[PDB]
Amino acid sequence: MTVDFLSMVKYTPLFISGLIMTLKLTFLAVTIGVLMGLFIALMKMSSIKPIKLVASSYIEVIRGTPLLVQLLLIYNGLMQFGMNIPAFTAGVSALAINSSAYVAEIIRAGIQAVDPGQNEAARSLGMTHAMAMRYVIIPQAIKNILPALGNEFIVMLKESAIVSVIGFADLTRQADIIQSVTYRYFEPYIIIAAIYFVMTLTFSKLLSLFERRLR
C-alpha cells in the first residue's frame, strides 16, 4: 500500500522477542567458538606435524568458505543420516565453528603482535619458552586479543541473522511473521535493521571504551 510504521507498533513484543533471540543465539555461539578457537590455536602451536596440518586445514577451509554453506551443511546435509537437529542447535553449531576459526587466528596474531624483543629479553635472562610464555608474552597477547574477540562478537551479531532462512525465530525472522498478518515487508525490515544498527553502535561503544581500560 503505502508506508505505515504506526501499524507496526503493536508488534513490539515480536521484535523484543526476536531481539532477545538474536542475543541468546550469538552469546552461546561465540562462547563455544571461543573455547573451540582457543583449542584450535593450541593445536597449531604443537610440534607434532600432523596436528598442525589439521588445525591449518580446519582454519583454512572454514575461513575460505561461506557461512551459509556451513549452516545448510549442518541442517540439511545431516537429514539423510536420520538426523533432525533443531534450527537452534544448527545455527549455534555453525556459528561456533566459523567463530572458532576466526578466534583461533585472532589468538595467533595477538601473540605474534607482541614485540619479539620481549621474547629475546626473556630467553636471554635464562627463561625457557614455557616460562617466557607464562610470565612475559601471554599477559600482553591477552591485551591484544580481548579487543579482537570483543569485536568478533559484534560481527557474529550481524552474521547470525542468517539463521532466519533455516526457520529460526530470530530478529530477522519476525519480518516474515509480521507480514503474514500485515502484507508489509518494508516497514518491519526498516525497524529490524534499525535494531541491528542500535545494537551494533551500543556494543562498539562499550568495546572501545573497554579497550581504553586496557590499552
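Start at 1 and count along the sequence shown; that's the residue number.
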query	finding
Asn84 CA temperature factor, ranked by third within the chain	highest
CA B-factor ranking of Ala113, expressed as a third of its chain	lowest
Third assignment of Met43 from its chain's C-alpha B-factors	highest
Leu67 CA temperature factor, ranked by third within the chain	lowest
Modelled-residue ranking by C-alpha temperature factor, third containing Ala90	middle
